[PDB]
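Residue numbers (full-length UniProt numbering), protein chains in the order written: chain A, 534 to 539; chain B, 1416 to 1556; chain C, 824 to 968. Just so it is clear, CB atoms sit at the ideal spot from N, CA and C, and this is done for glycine as well. The block underneath contains the structure these notes are about, expressed in structure tokens.
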Amino acid sequence: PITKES
Amino acid sequence: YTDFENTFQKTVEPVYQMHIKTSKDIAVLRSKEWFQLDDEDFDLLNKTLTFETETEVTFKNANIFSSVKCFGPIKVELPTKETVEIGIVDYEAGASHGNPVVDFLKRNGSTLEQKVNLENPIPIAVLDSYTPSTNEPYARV
Amino acid sequence: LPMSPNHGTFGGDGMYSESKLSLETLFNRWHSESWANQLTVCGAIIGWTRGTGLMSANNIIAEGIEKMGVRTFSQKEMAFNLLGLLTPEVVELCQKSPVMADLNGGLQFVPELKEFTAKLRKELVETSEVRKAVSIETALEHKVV
């Protein structure tokens, strides 16, 4: 979940 | 004398000081059921605590107490060096072999001593007195 | 090249960061200079690997980090990742242009990592030394009473 960019 | 049911002993314990440096020392003190602050959220960190405790003890035999009590205020040094009451010691056991409160303060804290010795004693005098020939005159008064 | 994502982030590591950051000039010098035919550069940004000579001290906090959906690696895992770079596909790829592999297990996405690491160590050395103290005092009380 933390690796998800915009 | 073997009538231990009639013996008792009140003792005024020597004032004990604890410097609270770390959150470890706070956690040890909050462990102790007998350490009871007036407000539980009081910030003890960097504070100096004094414990003015009286011990009451009944006996069961020569060395085993049938009842211990160690009560007394806990005071905090203010910046003016004036001490103010912020809680109480309130230990109360039955059949024990010791006061754990005092043993805690003996190790963790330091005995505040009102009497300070001089570097060297100063002789005043070495005086002769006589006891009287008869003890009636002292016995009369 | 064993590169790092630590570019002075942790500090107190001497010139480690200066050494690792410097290696990244090889990605450009491959195009510029005249050694491209004799060497290929395959940078491997190695992530947090547990049990090594450099990161053995930092093992207790690794469970703490992994609860941010980040990945620490065993030495077998990180080896396996790196042996992936010597497979024929990545070898044919290094010969076209320099290859930067990120094996950092998402650790770049943690904001201000040194604080978060120091905070994890302090919540653990504290909870130790407290419990050690409370246990040794509850023993000395029990033994006096």
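Excluding sequence positions up to five before and after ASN882/C, its CB lies within less than 6 Å of the CB of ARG873, all in the same chain and listed in chain order. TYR1553/B carries a helical assignment under DSSP once its states are collapsed to helix, strand and coil. Using a Cβ-Cβ distance cut-off of 8 Å, the segment 922-939 of chain C and the segment 953-962 of chain C are not in contact, since fewer than three pairs of beta carbons, one from each stretch, lie closer than that value.
For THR1463/B, the beta-bridge partners assigned by DSSP are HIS1434/B. The Cβ atoms of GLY1509/B and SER1482/B sit closer than 9 Å to each other. Within the same chain, Cβ atoms closer than 7 Å to the Cβ of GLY887/C are found at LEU943, the five residues on either side in sequence being excluded. Distance from the CA of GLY834/C to the CA of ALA880/C, rounded to the nearest whole angstrom, comes to 15 Å. At a cut-off of 9 Å between C-beta atoms, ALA956/C counts as an interface residue with respect to chain B. The Cβ neighbour count for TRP871/C, taken over all protein chains shown within 10 Å, is at least 16; the residue is labelled buried. Scanning the segment 1495-1530 of chain B for uninterrupted alpha helix (DSSP H) segments of 4 residues or longer gives 1515-1523, listed from N- to C-terminal end. Annotation: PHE1450/B to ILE1503/B spans about 7 Å, alpha carbon to alpha carbon.
In this structure, DSSP gives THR1468/B a state outside helix and strand, which the three-state scheme calls coil. Under the DSSP assignment, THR848/C falls outside any alpha helix (DSSP H); it carries neither an H nor an E label. The C-beta distance from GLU1469/B to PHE1486/B rounds to 6 Å, short enough to meet the 8 Å contact threshold. Interface residue (Cβ-Cβ distance to chain C less than 9 Å): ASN1461/B is not classified as such. DSSP links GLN1424/B through a beta bridge to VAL1472/B.
With respect to chain A, the C-beta atom of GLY887/C has no partner C-beta closer than 9 Å. For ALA1508/B, the nearest beta carbon of chain C is closer than 9 Å to its own beta carbon. By the C-beta criterion, the segment 848-855 of chain C is judged not to be in contact with the segment 900-907 of chain C, since fewer than 3 inter-stretch pairs fall below 8 Å. For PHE932/C, the chain A residues whose Cβ falls inside 8 Å of its Cβ are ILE535 and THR536, in order along the chain.
For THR1422/B, same chain residues with a beta-carbon under 6 Å away, outside a window of 5 residues either side, are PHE1474 in chain order. A direct Cα-to-Cα measurement between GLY1524/B and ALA1540/B gives close to 39 Å.
Secondary structure at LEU1533/B: coil, using DSSP grouped into helix, strand and coil. Rounded to the nearest whole angstrom, the CA to CA distance from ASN1550/B to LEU1542/B is 22 Å. The alpha-carbon of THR1495/B is positioned some 41 Å away from that of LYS937/C.
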